[PDB]
$ cat start.cif   # mmCIF, C-alpha atoms
data_model
loop_
_atom_site.label_atom_id
_atom_site.label_comp_id
_atom_site.auth_asym_id
_atom_site.auth_seq_id
_atom_site.Cartn_x
_atom_site.Cartn_y
_atom_site.Cartn_z
CA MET S 1 2.94 -20.85 7.30
CA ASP S 2 6.50 -19.46 6.82
CA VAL S 3 7.21 -15.75 7.50
CA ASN S 4 8.05 -13.49 4.53
CA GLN S 5 9.16 -10.20 6.14
CA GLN S 6 8.41 -8.35 2.80
CA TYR S 7 4.79 -9.63 3.13
CA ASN S 8 4.60 -8.20 6.71
CA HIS S 9 6.11 -4.94 5.34
CA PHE S 10 3.47 -4.96 2.50
CA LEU S 11 0.58 -5.43 5.00
CA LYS S 12 1.91 -2.58 7.25
CA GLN S 13 2.32 -0.21 4.24
CA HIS S 14 -0.86 -1.15 2.21
CA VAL S 15 -3.50 -3.24 4.12
CA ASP S 16 -5.91 -1.55 6.67
CA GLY S 17 -9.59 -2.65 6.87
CA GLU S 18 -10.35 0.43 9.11
CA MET S 19 -8.56 3.09 6.95
CA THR S 20 -10.52 6.27 5.92
CA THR S 21 -9.71 9.50 3.94
CA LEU S 22 -9.72 11.43 7.29
CA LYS S 23 -6.87 9.16 8.62
CA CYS S 24 -4.29 10.17 5.87
CA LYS S 25 -2.37 12.60 8.17
CA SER S 26 -1.78 10.00 10.98
CA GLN S 27 -1.10 6.98 8.65
CA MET S 28 1.33 8.87 6.31
CA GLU S 29 3.23 10.31 9.35
CA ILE S 30 3.84 6.63 10.38
CA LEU S 31 5.25 5.78 6.87
CA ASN S 32 7.21 9.11 6.55
CA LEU S 33 8.95 8.74 9.99
CA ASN S 34 10.66 5.52 8.66
CA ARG S 35 11.80 7.09 5.31
CA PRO S 36 15.41 8.38 4.98
CA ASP S 37 15.27 12.23 5.53
CA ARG S 38 11.56 11.70 6.47
CA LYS S 39 10.73 12.99 2.94
CA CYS S 40 6.93 13.23 2.39
CA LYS S 41 5.94 10.11 0.36
CA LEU S 42 4.01 11.63 -2.63
CA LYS S 43 1.26 8.95 -2.51
CA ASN S 44 0.26 5.79 -0.66
CA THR S 45 -2.72 3.48 -1.38
CA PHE S 46 -4.37 1.45 1.46
CA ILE S 47 -6.53 -1.67 0.73
CA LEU S 48 -9.59 -2.13 3.01
CA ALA S 49 -9.38 -5.96 3.32
CA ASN S 50 -7.93 -8.78 5.46
CA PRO S 51 -4.45 -10.15 4.63
CA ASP S 52 -6.00 -13.46 3.34
CA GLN S 53 -8.01 -11.52 0.67
CA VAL S 54 -4.84 -9.72 -0.54
CA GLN S 55 -2.55 -12.83 -0.29
CA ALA S 56 -5.16 -14.64 -2.50
CA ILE S 57 -4.25 -12.21 -5.40
CA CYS S 58 -0.99 -14.24 -5.63
CA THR S 59 -2.77 -17.69 -5.31
CA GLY S 60 -5.89 -17.83 -7.58
CA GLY S 61 -7.35 -14.33 -7.20
CA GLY S 62 -5.17 -12.39 -9.69
CA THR S 63 -4.20 -12.03 -13.37
CA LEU S 64 -0.44 -12.22 -14.13
CA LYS S 65 0.51 -9.04 -16.12
CA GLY S 66 4.28 -8.38 -16.53
CA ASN S 67 7.44 -8.03 -14.36
CA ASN S 68 5.93 -10.01 -11.40
CA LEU S 69 2.89 -7.63 -11.40
CA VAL S 70 -0.51 -9.24 -10.66
CA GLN S 71 -3.90 -7.48 -11.02
CA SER S 72 -6.62 -8.62 -8.56
CA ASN S 73 -9.60 -10.30 -10.33
CA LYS S 74 -11.98 -8.59 -7.85
CA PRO S 75 -12.10 -4.87 -6.99
CA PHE S 76 -11.17 -3.64 -3.46
CA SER S 77 -12.24 -0.56 -1.45
CA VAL S 78 -9.10 1.63 -1.30
CA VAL S 79 -8.08 4.92 0.34
CA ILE S 80 -5.46 7.00 -1.56
CA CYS S 81 -3.40 9.55 0.44
CA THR S 82 -1.93 12.11 -2.02
CA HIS S 83 0.72 14.75 -1.17
CA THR S 84 -0.43 18.41 -1.65
CA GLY S 85 2.56 20.14 0.12
CA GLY S 86 5.84 19.74 2.05
CA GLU S 87 9.29 18.19 1.35
CA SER S 88 9.76 16.48 4.78
CA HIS S 89 7.97 15.62 8.07
CA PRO S 90 6.45 17.36 9.83
CA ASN S 91 5.46 19.84 7.03
CA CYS S 92 3.74 17.11 4.87
CA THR S 93 0.12 17.84 3.78
CA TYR S 94 -2.18 15.10 2.28
CA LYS S 95 -5.62 14.87 0.66
CA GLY S 96 -7.51 11.56 1.14
CA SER S 97 -9.73 9.97 -1.53
CA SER S 98 -11.80 6.77 -1.67
CA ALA S 99 -12.20 4.46 -4.70
CA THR S 100 -13.22 0.91 -5.66
CA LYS S 101 -10.55 -0.62 -7.95
CA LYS S 102 -8.70 -3.78 -8.93
CA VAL S 103 -5.22 -3.46 -7.35
CA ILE S 104 -1.86 -4.21 -9.04
CA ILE S 105 0.80 -5.66 -6.70
CA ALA S 106 4.06 -7.61 -6.89
CA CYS S 107 3.93 -11.30 -5.85
CA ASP S 108 6.98 -13.28 -4.59
CA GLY S 109 5.55 -16.79 -4.87
CA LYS S 110 2.42 -16.83 -2.61
CA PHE S 111 3.42 -13.45 -0.97
CA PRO S 112 2.43 -9.90 -1.96
CA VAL S 113 5.63 -7.73 -1.68
CA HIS S 114 6.80 -4.08 -2.13
CA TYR S 115 10.53 -3.39 -2.82
CA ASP S 116 11.84 -0.24 -0.96
CA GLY S 117 8.27 0.99 -0.19
CA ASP S 118 9.42 4.05 -2.27
CA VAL S 119 6.59 3.25 -4.77
CA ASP S 120 2.94 2.25 -4.27
CA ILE S 121 0.46 -0.42 -5.37
CA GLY S 122 -1.42 0.22 -8.63
CA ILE S 123 -5.16 0.65 -9.28
CA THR S 124 -7.16 -0.03 -12.46
CA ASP S 125 -10.78 -0.26 -13.81
#
$ encode --input "start.cif" --output "structure tokens"
Amino acid sequence: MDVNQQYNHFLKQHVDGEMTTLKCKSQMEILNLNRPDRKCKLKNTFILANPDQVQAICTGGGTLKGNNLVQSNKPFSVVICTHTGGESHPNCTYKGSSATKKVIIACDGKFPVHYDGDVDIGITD
């Protein structure tokens, strides 16, 4: 299929089948090192699934809400990394939490996307 670089960016920021609460420090450092001023991102949600399962949200596996937002019809295992302290790397502190939730993402045609990666995917149910 065709490459959508925003889809690759989405997978890098939000899709990791091997993510755990204990891995928040290492995974957030990766995201924070690419942010202007290396400001501590206040939250990031990781989906424990393969790209095909998440891409499907855009092509038969999701409910259209509003403003290009689509809610997955099935729940996903997620890991949420939440800021507890720091303004910038390397003084960022995170708490990891696990949940099972339908995810809310942006779809550009058949491609999950995130614009500016300054926000996060949504969770519900």
$ closest_residue --input "start.cif" --among "S:51, S:92, S:43, S:85" --to "residue 9 of chain S" --atoms "only C-alpha atoms"
S:51
$ residues_around --input "start.cif" --residues "residue 113 of chain S" --least-positions-apart "5" --cutoff "9 Å" --atoms "only C-alpha atoms" --output "list in words"
residues 4, 5, 6, 7, 8, 9, 10, 11, 105, 106, 107 and 108 of chain S
$ atom_distance --input "start.cif" --atom1 "atom CA of residue 49 of chain S" --atom2 "atom CA of residue 17 of chain S"
4.9 Å
$ residues_around --input "start.cif" --residues "residue 42 of chain S" --least-positions-apart "3" --cutoff "9 Å" --atoms "all atoms listed in the file" --output "number ranges by chain"
S: 39, 81-84, 94
$ closest_residue --input "start.cif" --among "S:41, S:110, S:65, S:73" --to "residue 29 of chain S" --atoms "all atoms listed in the file"
S:41
$ resolve_selection --input "start.cif" --expression "the PyMOL selection byres ((chain S and resi 63) around 12)" --output "ChimeraX atom specification"
/S:56-62,64-66,68-74,102-107
$ closest_residue --input "start.cif" --among "S:86, S:119, S:67, S:46" --to "residue 100 of chain S" --atoms "all atoms listed in the file"
S:46
$ closest_residue --input "start.cif" --among "S:14, S:50, S:21, S:93" --to "residue 122 of chain S" --atoms "all atoms listed in the file"
S:14
$ atom_distance --input "start.cif" --atom1 "atom CA of residue 34 of chain S" --atom2 "atom CA of residue 97 of chain S"
23.2 Å
$ resolve_selection --input "start.cif" --expression "the PyMOL selection byres ((chain S and resi 79) around 9)" --output "ChimeraX atom specification"
/S:19-21,24,44-48,77-78,80-81,96-100
$ build_atoms --input "start.cif" --residues "segment 25-43 of chain S" --atoms "N, CA, C and O atoms" --output "short mmCIF file (atom, residue, chain, number, x, y, z; two decimals), in the frame of the given file"
data_model
loop_
_atom_site.label_atom_id
_atom_site.label_comp_id
_atom_site.auth_asym_id
_atom_site.auth_seq_id
_atom_site.Cartn_x
_atom_site.Cartn_y
_atom_site.Cartn_z
N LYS S 25 -3.41 11.87 7.41
CA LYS S 25 -2.37 12.60 8.17
C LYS S 25 -1.64 11.63 9.12
O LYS S 25 -0.42 11.55 9.03
N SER S 26 -2.37 10.90 9.96
CA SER S 26 -1.78 10.00 10.98
C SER S 26 -1.07 8.81 10.32
O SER S 26 0.07 8.51 10.72
N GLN S 27 -1.68 8.18 9.31
CA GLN S 27 -1.10 6.98 8.65
C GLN S 27 0.15 7.34 7.85
O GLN S 27 1.13 6.57 7.93
N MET S 28 0.15 8.47 7.11
CA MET S 28 1.33 8.87 6.31
C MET S 28 2.48 9.25 7.25
O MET S 28 3.63 8.90 6.95
N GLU S 29 2.19 9.93 8.37
CA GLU S 29 3.23 10.31 9.35
C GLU S 29 4.00 9.04 9.71
O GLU S 29 5.26 9.04 9.66
N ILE S 30 3.27 7.96 10.02
CA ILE S 30 3.84 6.63 10.38
C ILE S 30 4.81 6.17 9.28
O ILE S 30 5.93 5.78 9.63
N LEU S 31 4.39 6.17 8.01
CA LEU S 31 5.25 5.78 6.87
C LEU S 31 6.43 6.77 6.72
O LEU S 31 7.55 6.31 6.50
N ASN S 32 6.17 8.07 6.82
CA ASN S 32 7.21 9.11 6.55
C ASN S 32 8.32 9.06 7.60
O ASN S 32 9.50 9.25 7.21
N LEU S 33 7.98 8.79 8.86
CA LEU S 33 8.95 8.74 9.99
C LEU S 33 9.99 7.63 9.77
O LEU S 33 11.05 7.71 10.41
N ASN S 34 9.71 6.64 8.92
CA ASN S 34 10.66 5.52 8.66
C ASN S 34 11.43 5.72 7.35
O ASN S 34 12.31 4.89 7.07
N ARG S 35 11.14 6.79 6.61
CA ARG S 35 11.80 7.09 5.31
C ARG S 35 13.06 7.92 5.53
O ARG S 35 13.04 8.88 6.30
N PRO S 36 14.20 7.57 4.89
CA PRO S 36 15.41 8.38 4.98
C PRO S 36 15.13 9.86 4.67
O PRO S 36 14.62 10.14 3.61
N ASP S 37 15.48 10.75 5.61
CA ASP S 37 15.27 12.23 5.53
C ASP S 37 13.81 12.56 5.86
O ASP S 37 13.47 13.76 5.86
N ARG S 38 13.00 11.55 6.14
CA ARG S 38 11.56 11.70 6.47
C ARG S 38 10.87 12.52 5.38
O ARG S 38 9.95 13.28 5.70
N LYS S 39 11.34 12.37 4.14
CA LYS S 39 10.73 12.99 2.94
C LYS S 39 9.26 12.58 2.91
O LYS S 39 8.96 11.45 3.32
N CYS S 40 8.38 13.49 2.50
CA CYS S 40 6.93 13.23 2.39
C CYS S 40 6.73 12.26 1.22
O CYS S 40 7.08 12.64 0.10
N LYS S 41 6.26 11.04 1.48
CA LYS S 41 5.94 10.11 0.36
C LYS S 41 4.83 10.80 -0.45
O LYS S 41 3.91 11.36 0.17
N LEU S 42 4.93 10.83 -1.77
CA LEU S 42 4.01 11.63 -2.63
C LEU S 42 2.63 10.98 -2.71
O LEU S 42 1.67 11.70 -3.03
N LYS S 43 2.54 9.67 -2.49
CA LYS S 43 1.26 8.95 -2.51
C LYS S 43 1.41 7.61 -1.81
O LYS S 43 2.51 7.02 -1.85
#
